[PDB]
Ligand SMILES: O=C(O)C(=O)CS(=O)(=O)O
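Listed next as structure tokens is one chain, alone, in the form deposited without the named molecule.
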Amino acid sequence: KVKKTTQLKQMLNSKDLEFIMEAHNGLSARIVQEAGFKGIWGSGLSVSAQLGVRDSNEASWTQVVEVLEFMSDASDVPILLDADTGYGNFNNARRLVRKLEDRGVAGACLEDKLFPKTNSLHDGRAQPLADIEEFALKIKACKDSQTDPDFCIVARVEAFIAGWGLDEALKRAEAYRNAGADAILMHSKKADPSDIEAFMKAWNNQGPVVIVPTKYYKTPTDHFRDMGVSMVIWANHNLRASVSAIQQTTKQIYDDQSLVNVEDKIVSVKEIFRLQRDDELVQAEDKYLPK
């Protein structure tokens, strides 16, 4: 086999546009794999949401790592985890990376936002971000700490999101890429791809770029290919679909006080057993238990 880390690294450096799909628990990870996706996106929003908490580092980094451990155990394709800012400074970030590596996770995506939120000024001006040298050094520490040379570090640049412009975005991307980032994730808050286009034009293909088209989803996918984008992340759609189904199913049963109107609309219990790989255990039990 090919290591999961190697699988992800090849995807980031390939000449084709690659896609990874959001999963938020072991069950969704297996479903994503069975569908044919070559990679999984461990969404920070999805993992926190399934736990019932906010996407503001309320769950501890070890609790996040445990969710991902079950996800990694349930899939053969690489998982790239959204690790926010690394849960602290360079030291907390490299400790996280080593634990992820040991659990089979393929890479981690770190962002250059200030953590945690210390002020509440809600004006209309740009938001200060982590110092560029500090973040670049954080990326360097993670790369230096890896025991698997193919584990990936993706740097998420928050320049556009925070209200700054192309110049700030480019400076940060170049700095992180020079520090060893395996890819740059360029995001924006616009409902169109303009920030992405401006960046790809100025970037001059200095390294793989990852994008998240959630808000500009009507953009033709071939346009990303034309721009030389390396990977697209479908960020949170399984979580969103799960919520719609659970809200709908729950209301139906609540209203009917019966299962008649949901039984034919959901997978069978046997399909759950199949997704749990119950057959493999049945066989193991017949081989390892006395008759």
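Basically, rigid core = biggest C-alpha set you can superpose within 1.5 Å across the two forms. Only residues modelled in both forms are compared. So that there is no doubt, residue numbering starts at 1 and follows the sequence shown.
What comes next is about the form deposited with the named molecule bound, which does not appear here.
Chemist: At 4.5 Å between heavy atoms, only one of the stretches 117-125, 87-95, 141-149, 69-77 reaches the named molecule in the deposited complex; which one is it?
Modeler: Result for this chain: 117-125.
Chemist: Given that the named molecule is not shown alongside this chain, does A235 nevertheless sit within 4.5 Å of it in the deposited complex, heavy atom to heavy atom?
Modeler: The answer is yes: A235 has a heavy atom within 4.5 Å of the named molecule.
Chemist: Heavy atoms within 4.5 Å of the named molecule in the deposited complex: does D82 have any?
Modeler: Output for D82 is yes: heavy atoms within 4.5 Å of the named molecule.
Chemist: At 4.5 Å between heavy atoms, is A245 in contact with the named molecule in the deposited complex?
Modeler: So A245 does not count as contacting the named molecule.
Chemist: Given that the partner is absent here, does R156 sit within 4.5 Å of the named molecule in the deposited complex, heavy atoms only?
Modeler: Contact check for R156: yes, within 4.5 Å of the named molecule in the deposited complex.
Chemist: Only one of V53, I253, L45, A241 has a non-hydrogen atom within 4.5 angstroms of the named molecule in the deposited complex; which is it?
Modeler: Exactly one listed residue reaches within 4.5 Å, namely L45.
Chemist: Can you name the residues of 249-263 that have a heavy atom within 4.5 Å of the named molecule in the deposited complex?
Modeler: Not one residue comes within 4.5 Å of the partner.
Chemist: Pick from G180, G163, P128, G88: whose Cα moves by 2 Å or more between this form and the one not shown, rigid core superposed?
Modeler: Between the two forms, the residue that moves is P128.
Chemist: Superposing on the rigid core, is the Cα displacement of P220 between this form and the one not shown 2 Å or more?
Modeler: No: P220 shifts by under 2 Å between this form and the one not shown.
Chemist: Can we say the CA of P149 moves by at least 2 Å between this form and the one not shown when the core is superposed?
Modeler: No; that C-alpha moves by less than 2 Å between this form and the one not shown.
Chemist: My question is whether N204 is one of the residues whose C-alpha shifts by 2 Å or more between this form and the one not shown, given a fit on the rigid core.
Modeler: Comparing the forms between this form and the one not shown, which are aligned on their rigid core, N204 does not shift its C-alpha by 2 Å or more.
Chemist: Please say whether the CA atoms of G124 and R54 come closer or move farther apart in the deposited complex, knowing the change relative to this form is 3 Å or more.
Modeler: Relative to the displayed form, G124 and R54 draw closer in the deposited complex - a change of at least 3 Å between their C-alphas.
Chemist: Quick one: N57 and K117 C-alpha atoms, closer or farther in the deposited complex compared with this form (3 angstroms or more)?
Modeler: So the answer is closer.
Chemist: At 2 Å or more of Cα shift, core superposed, where are the runs of at least three residues that differ between this form and the one not shown?
Modeler: Residues 116-128 form the single run that moves by 2 Å or more between this form and the one not shown.
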